[PDB]
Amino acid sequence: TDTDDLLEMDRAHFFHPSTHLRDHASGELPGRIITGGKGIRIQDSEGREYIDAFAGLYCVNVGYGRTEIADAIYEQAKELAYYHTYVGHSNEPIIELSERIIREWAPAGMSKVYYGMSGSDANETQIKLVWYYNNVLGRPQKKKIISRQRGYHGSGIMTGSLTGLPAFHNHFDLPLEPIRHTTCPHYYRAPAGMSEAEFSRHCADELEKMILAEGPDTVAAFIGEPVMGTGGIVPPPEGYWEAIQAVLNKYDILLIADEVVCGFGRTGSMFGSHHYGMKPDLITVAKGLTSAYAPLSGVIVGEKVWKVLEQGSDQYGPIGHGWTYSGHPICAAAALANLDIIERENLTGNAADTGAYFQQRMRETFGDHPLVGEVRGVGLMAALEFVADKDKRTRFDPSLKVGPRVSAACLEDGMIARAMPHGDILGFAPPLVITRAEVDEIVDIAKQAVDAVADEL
């Protein structure tokens, strides 16, 4: 078959991200070629159909098969596929997009957008900017960046260091200096007997303790996803963001909001920052910026950092930072069409409405399930965490592969939901066009899967 020939070429020549390299190459872990899709459904090269309740990777937010977006990419590609944006050069779509991000989407007090292609390159830029900012101000020691356990901020050297999951550290010598990781903001794993408000205060106090141990004048920034994505779909505890921000303000520490997942509608607000009342100095975007139709990332720079960057150019000349593809015309054109759709179909409001329905349905269906320790989520992201003992929150032996098994049972029933890393967790992040009826279908399939695995154990 054509699939067999392609799979063969794949195994012989393609190094996949996040794959068992030996077992892929040998054919021990079979591959899958995705060829098409529409709305929330995708299709493989053998014609099999799947409900994609993970929207690729939290990213195909307007759904699959938007010919509107393909048309917009095509028109830009015909007119001017590329020019650089170095030394004040520009193109029409990147200018239009920058104005739209600032005026209509980003929180108030944001000033400028800098572009790359990945969440990783955007967070790399953030770190560079934070160091530069402190050097411009004559604070050479104020450089440490505090991230969080289970946070996800990319897969590079410095960005993998920010990331708080061991797969991105082990055997890569990370994290490097000067990165630190504070408390995982996951109430389910809070110290025993803590209320939610107590746990938010515990997180704040642990951060303070870290800042004092480091010396506050050496701590430049704090980076956090409003809701943790890859670390297990973890909304923050009640009062967390207010308690954290008071500590950061007390010690003059910049806040970076990593909105790569929460950006552009997924929580039911425009950004996760809007949803939780965060006031970041710097914002990272990607994924839902284009619904993955073309690669694009953004660093949204607040007025306070921007003023210092302008001061920096006065004293030091043009900023020594650029990517060849910064502000790429076709990627910008894809973003514009994507945002047109999000606005026109009010997918932010759908994420709030169908999302609340999703969360309610998940709680009803799984809140008393013997296998499920916690049901959590906000808007159109949700997860089920599985435990061996609900009373003591005891984890399964990782060799039992409980999460991966529930995910595999879902896939047998034609639905894609992710076995989240470093845990037994089933995550959902469907396209923002999903209907309530489609939510029912997803929940029903998950219910059958969770039951099947529970019976086996």
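Residue numbers here begin at 1 and follow the sequence given.
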Comparing 399-407 with 66-74, the higher average Cα temperature factor in the PDB entry belongs to 399-407
Mean Cα B-factor check, 431-439 vs 19-27, entry values; winner is 19-27
In this crystal structure's PDB entry, the residue among 335, 278, 234, 207 with the greatest CA B factor is 278
Of the residues 115, 366, 152, 222, the one whose Cα carries the largest B-factor in the deposited record is 366
Chain thirds by Cα B factor, record data; residue 383 belongs to the lowest
Here the Cα B-factor of residue 331, set against its chain, lands in the third termed lowest
For residue 214, the third of its chain by CA B-factor is the middle
Assert third(CA B-factor, residue 246) within chain per record equals highest
Assert third(CA B-factor, residue 110) within chain per record equals highest
